[PDB]
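Basis for what follows: all heavy atoms, side chains included, without hydrogens, waters or symmetry-related copies. Every number for a ligand or one of its atoms is a count from 1 in the order of the listing. In the text below, chain A, chain B and the rest are named by the order of the sequence lines, each starting its count at 1.
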Amino acid sequence: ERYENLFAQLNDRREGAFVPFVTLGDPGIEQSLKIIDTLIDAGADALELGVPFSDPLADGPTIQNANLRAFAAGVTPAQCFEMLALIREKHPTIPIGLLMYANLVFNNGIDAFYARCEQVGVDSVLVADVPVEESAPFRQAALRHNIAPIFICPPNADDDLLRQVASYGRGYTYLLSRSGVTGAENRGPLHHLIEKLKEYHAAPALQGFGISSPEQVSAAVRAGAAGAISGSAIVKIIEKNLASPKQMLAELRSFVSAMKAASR
Amino acid sequence: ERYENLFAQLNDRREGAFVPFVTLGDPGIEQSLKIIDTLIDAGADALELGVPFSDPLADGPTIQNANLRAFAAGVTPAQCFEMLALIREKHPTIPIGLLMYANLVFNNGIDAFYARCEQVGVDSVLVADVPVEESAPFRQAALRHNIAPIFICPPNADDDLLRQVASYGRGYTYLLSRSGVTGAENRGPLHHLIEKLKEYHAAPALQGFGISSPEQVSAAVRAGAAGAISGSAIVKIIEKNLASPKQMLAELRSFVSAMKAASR
Amino acid sequence: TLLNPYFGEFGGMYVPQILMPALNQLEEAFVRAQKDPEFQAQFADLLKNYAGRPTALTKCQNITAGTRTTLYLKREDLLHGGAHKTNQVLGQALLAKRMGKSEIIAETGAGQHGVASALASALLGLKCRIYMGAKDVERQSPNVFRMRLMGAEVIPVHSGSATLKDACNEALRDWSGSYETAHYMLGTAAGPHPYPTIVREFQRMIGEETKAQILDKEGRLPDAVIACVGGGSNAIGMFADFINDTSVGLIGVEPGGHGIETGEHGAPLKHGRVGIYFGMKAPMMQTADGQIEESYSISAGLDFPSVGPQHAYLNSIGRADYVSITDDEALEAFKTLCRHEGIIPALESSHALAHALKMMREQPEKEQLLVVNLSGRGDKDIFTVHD
Amino acid sequence: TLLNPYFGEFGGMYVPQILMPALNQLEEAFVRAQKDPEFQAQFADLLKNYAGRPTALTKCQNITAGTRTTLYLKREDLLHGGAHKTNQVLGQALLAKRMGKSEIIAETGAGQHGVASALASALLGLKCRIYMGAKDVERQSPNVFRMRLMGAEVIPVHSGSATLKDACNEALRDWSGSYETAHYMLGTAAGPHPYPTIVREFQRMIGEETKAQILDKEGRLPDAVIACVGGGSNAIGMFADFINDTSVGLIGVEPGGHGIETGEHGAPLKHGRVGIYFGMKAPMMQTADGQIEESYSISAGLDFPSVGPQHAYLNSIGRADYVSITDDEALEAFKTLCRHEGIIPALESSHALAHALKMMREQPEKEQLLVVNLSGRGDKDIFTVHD
Ligand SMILES: O=[S@](CCCCP(=O)(O)O)c1ccccc1O
Ligand SMILES: O=[S@](CCCCP(=O)(O)O)c1ccccc1O
Ligand SMILES: *Cc1c(COP(=O)(O)O)cnc(C)c1O
Ligand SMILES: *Cc1c(COP(=O)(O)O)cnc(C)c1O
Ligand code: NA
Ligand code: NA
């Protein structure tokens, strides 16, 4: 009920949600844990965390490199769940969503993956390469372990898809602002989808892809979305400041404070 | 009438003819002229001289290299005829036969080549790559300029061939003791051919190919042949003594004296 | 969907939501085309007059001397381009054209699919983009140069292991943002539906022709048809028309590399673990954690880290049997065909030959009528088997 | 002889007396074989089921766009081995076998004839000996390795210029001493009779097939058939069946190298001088003294220093016309076919293409139905056109 509570709270405050993305273990475990605490302290409303995968086919260069850096550090899915448990032990109410690729959740059995998420305190799971057509087993397993199955609503979704996404999803609806892959490189009107989803009582929408400036988050809120997700803009700050961990944290702070202010 | 006279003379002496072979211009013009005088002084009855050709397809390695050495010296067919004229001006009665390949005689016109041979004092011409089947124009041109057209009688010649060779040739009949190419490397009974040629009043036979020792020339005479031709054994002495011209001449002398003695 | 995306438990459509309409579009176009005699006549014309179809079925008398085995080789090595891949790409290019598409996206490891895609695009007026891992481009300059000469744009991918896996990643990344103008010409009978079905249907000539040819020459169907399995296209092309002929054995050969026991191989179907990747549920080269791994083989063309879903299915129900052949085993078959038959086989194809050779040699007195699919020419491998 | 050794003034049998019975033997065997339906059925079977006959006749729409020329390419590049040479060697191998011969002697420059002779011998159980000038062996390691893999003995000749000329010399030297057990498989439609006639008859399928194919597809005979001329085999194979069709033009293309005017070319038929060499009276690359010279071309396979006697004759009476094409001209045709048709042509074949391209481009409004003989595959030349 973490997302439910968060959204009610932001609504009472007439505010939009700012949700940053980072890869667990980038550039290292200790520095990553440190990055995440800074993100929260600077104002993040929720978190979208990617576990290192060898073949991230829905991600552009920036996030592709985040996975590579985590791999260089030796981060494994087991170490990720350990990281996830501690993040929750430190922050009791912040919604935590995992960005996963299918093989990592199917690998040891679908049911067992969602059981582990529950145990650690994860709130939602988005599997980037599983369309609604192939979602049944992931959906069912997530629901069985009180985990929200996140579905993606393309900018060109037809009515049948909107109706499906609204019925199946929970936590939040992932509103894609663009075709293509993740990247602050390309920016790329969602009023119709946002209204239709509301009509079908879908979970609150969070706009993702290409969001890298504060004007972009205010625009998302203005269009009717409950918030915005920003990844490459965040990871780029890590990439830029690798030789200065202290500089990194300070720079991350300014950016998410600025980004969060725009949702108010 | 040089061959005619020579054979009558050797017959009166109950002797066989010893005929050495060398490439004109090997290893150089002046040294070649010197080699030829030594050959005659040591006892050669006649000469078989090859003019340097780029593609001597009836010759083994030894003679292949003789052509190469002459080429390295820059000997040309024009320089050869000059060499040939002087050899005759020095030696009035010794029969001189040229070993030619077809392109060199056809090149400037067949008739003109034989005219040049006459002018220089050449006695016969053997074109290695012209069988009896293709000989008409060469035969006719040779006869027209008082040059003897030499034909090759293979060790496996049938009656028709023997009859042809006997009718067409003049000077001497080239009796091949072997299949293959020139070379003292391989040695390889001609009684039947020798008798049949005599029957058809062919020009006296000279055995050629593989003759490299004195026992070989005595055997040739014993079988009924009028003499023997030796090339690779001769050229090998030149090859061996390139760094010592004086040694060359002395070694050539001993060999042809030995070879000539065996025909007596 | 109009067609079943699964072959039992295997197959599916595991791609990001954004790419679903592209797959549904392709499926509809394929169903239509298959019904269209005009499309059919066009495909047949290119196959016959441009590619060299029908290919020969050659009896190998020398190789089987002294045994009771009769061996024939389906001559795909004689197809324009020197490999079976050409059949496939011509049909997919016509499909792209039928859809109003003007661009072609393609992935390649060893270079063959890239060369085939580049030639089909040059002939049919399509703009071709090819992704190749930086490691493969370095290792494959002759094919890169061929692709470029044919007008194709070659793009090196430096991500991950910088090999096939990664090229396959980049292609879909590109396609997710350009599907409206470009068509993704996938190189094997794998990936998300409708690709496994489409590639099979566009590779079907192989077995169809082999059937008529063997019936003419032997008046009997073969006892078994054998084919190497990299991703599965040449194999399924051979198998398809014989699936309903229950007396005909179907044998697929996977690369054993330095030996299964060394872990240095490319045999996921028989020695990997089922996973979900490349828009597909299928056996895969994978770590215990589920991180995708590379396939290894002396033959660069047998490096696809997974296998077609139809093969995984044909195996599970017992219709087809899969085996493996090591690098040395394939080298020997390569050497043998050169010396006794005067044919230089691709090292890929040599794995299939090596197995028919084992079948013979192991039981010399067994009467056996065998057909090996010689999927390609081996001029390509002369240097490899040289060193 | 049973057949006429001359084509007008050209041809003949200029070999040492010792080799005459070998030539008379070969002629008789050929006449018999030609009459023998069993030999004919055997040759046809190998051609069809082993080599890939009939080869395609491909229409090139892209290349001729915007002109009134219709161009077709006879696909000899699709023949087993990648060149037309294969047709020839199979027939000559069966002839050797019919004679009770068990050994094969062969000459090669660029390596193609050697590869073809080696494969025919491997298939038909003959012991193959191949002579190659030391310069060519150094310059042709891929083909030498192919020959060796196929079981053939490769022997470098260091005499003379250590190239084709010299390899041709060594082969006859060998043959003069081994004709009783070995057969000399000459590589082109040249040399002493009966070779020019035999090679033509064993290369005749090319034009015969082209005729039926064009009649089917166009219902008319071509306006002209074009072929490159190294020694003359692919050209005469194309021309033969059309000689009596007077309306069909016959165009042979000789290599112009850096340009006729530079002296750096390989065009003896139109720019050399008649001589007597290689057991033949024919136009030749020669010095003023009559010393035999080398032919030059970007294409290694067009380096035979003379030309077939039938071509010299067809030229003298006006039945066929011969032209030349420079290295750059051939490079352009090579590049063009790759990009517009997706076919990589041999640089040899590219000289013929380059001429059809000139014919088109020079008079774009002339209605012309042309056929180019694509004698071979160009995978071989990728590195050459690369540097
Ligand atoms: O939501 S996560 C991170 C999204 C970052 C978007 P951008 O700001 O970098 O442009 C995610 C969702 C779907 C597919 C891949 C992903 O990594
Ligand atoms: O008679 S000349 C020299 C023959 C030398 C024979 P050998 O002693 O070296 O073995 C000749 C005749 C025919 C063909 C080629 C020739 O060079
Ligand atoms: C392309 C390639 C393969 C790999 O093949 P799939 O058929 O899809 O398994 C096999 N053989 C050859 C000759 C190839 O070029
Ligand atoms: C062998 C070769 C030639 C040289 O040819 P001839 O046909 O005898 O003149 C020409 N083209 C190709 C492809 C060749 O391999
Ligand atoms: Na595989
Ligand atoms: Na020539």
Under a plain distance cut-off of 3.5 Å, with no hydrogens placed, do A:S213 and A:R187 share a side-chain donor-acceptor pair? yes
Without hydrogens or angle criteria, can the side chains of A:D59 and A:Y101 be said to hold a donor-acceptor pair below 3.5 Å? yes
Check the side chains of C:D303 and C:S295 for a donor-acceptor pair under 3.5 angstrom, ignoring hydrogens and angles. no
Check whether the side chains of C:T55 and C:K74 place a donor and an acceptor atom closer than 3.5 Å, and report yes or no. yes
Using 30° and 60° as the class limits, which term best fits the ring planes of A:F151 and A:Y168: parallel, tilted or perpendicular? tilted
Numbered atoms of ligand 3 (with element) below 4.0 Å of C:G230, judged on heavy atoms: 9 (O)
Numbered in order shown, the ligand 3 atoms found under 4.0 Å of a heavy atom of C:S233 are 6 (P), 7 (O), 8 (O), 9 (O)
Pairs under 3.5 Å, N/O atoms on ligand 1 and on the protein: can you put them in a table with the distances?
from, atom 1, to, atom 2, distance (Å)
ligand 1, 1 (O), A:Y174, OH, 2.6
ligand 1, 8 (O), A:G231, N, 3.0
ligand 1, 9 (O), A:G183, N, 3.4
ligand 1, 9 (O), A:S232, N, 2.8
ligand 1, 9 (O), A:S232, OG, 2.5
ligand 1, 10 (O), A:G183, N, 2.9
ligand 1, 10 (O), A:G183, O, 3.4
ligand 1, 10 (O), A:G210, N, 2.8
ligand 1, 17 (O), A:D59, OD1, 2.7

Metal-centred angle, O of C:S306 through the Na ion (ligand 5) to O of C:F304, rounded to 10 degrees: 80°
So the atoms of ligand 3 within less than 4.0 Å of a heavy atom of C:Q112 turn out to be 15 (O)
For ligand 3, which atoms have a heavy atom of C:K85 less than 4.0 angstrom away? 1 (C), 2 (C), 3 (C), 4 (C), 5 (O), 14 (C), 15 (O)
Answer with yes or no after comparing the ring centroid distance for C:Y313 and C:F10 against a 6.0 Å cut-off, counting only values under it. no
If you measure every N or O of C:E348 against every N or O of ligand 3, does any of those distances drop under 3.5 Å? no
Per-atom contacts, ligand 3 versus C:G376 - under 4.0 Å to a heavy atom: 13 (C)
Does at least one non-hydrogen atom of C:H84 fall below 4.0 angstrom from an atom of ligand 3? yes
For ligand 3 and C:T188, I'd like to know whether there is a polar contact (N/O to N/O, distance under 3.5 Å). yes
Looking only at side-chain N and O atoms, does C:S375 offer a donor or acceptor that is under 3.5 Å from a partner on C:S349? yes
With a 3.5 Å cut-off and no angle check, do the side chains of C:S161 and C:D166 form a donor-acceptor pair? yes
A:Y174 and C:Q17 side chains, donor-acceptor separation under 3.5 Å: no
Please write down residue, atom name and distance for the protein heavy atom closest to atom 7 (O) of ligand 3. C:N234 N, 2.8 Å
If you measure every N/O of C:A189 against every N/O of ligand 3, is any gap under 3.5 Å? no
Exam field: side chain C:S176 to backbone C:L19, donor-acceptor pair closer than 3.5 Å: no
Closest approach of any protein heavy atom to atom 4 (C) of ligand 3, naming residue and atom: C:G301 O, 3.3 Å
Distance-only, no hydrogens or angles: does the C:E254 side chain make a donor-acceptor pair with backbone N or O of C:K270 under 3.5 Å? yes
Any side-chain donor near an acceptor of the partner, C:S233 and C:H84, under 3.5 Å: yes
Within the 4.0 Å heavy-atom shell around C:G231, which atoms of ligand 3 are there? 6 (P), 8 (O), 9 (O)
Any chance the side chains of A:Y3 and A:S124 put a donor and an acceptor closer than 3.5 Å? yes
Modelled atom types, side-chain donor and acceptor of C:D174 and C:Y131, under 3.5 Å: yes
Taking N, O or S atoms only and a limit of 3.0 Å, check whether C:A267 reaches the Na ion (ligand 5). no
Of all the atoms in ligand 3, which lie at a distance below 4.0 Å from a heavy atom belonging to C:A83? 15 (O)
What residue and atom, counting heavy atoms only, is the protein's closest point to atom 13 (C) of ligand 3, and at what distance? C:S375 OG, 3.3 Å
Test your reading of the structure: does C:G187 have an N or O sitting under 3.5 Å from an N or O of ligand 3? no
N or O contact, C:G232 vs ligand 3, cut-off under 3.5 Å: yes
Will you find, in the side chains of C:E107 and C:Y184, an N or O donor that is under 3.5 Å from an N or O acceptor? yes
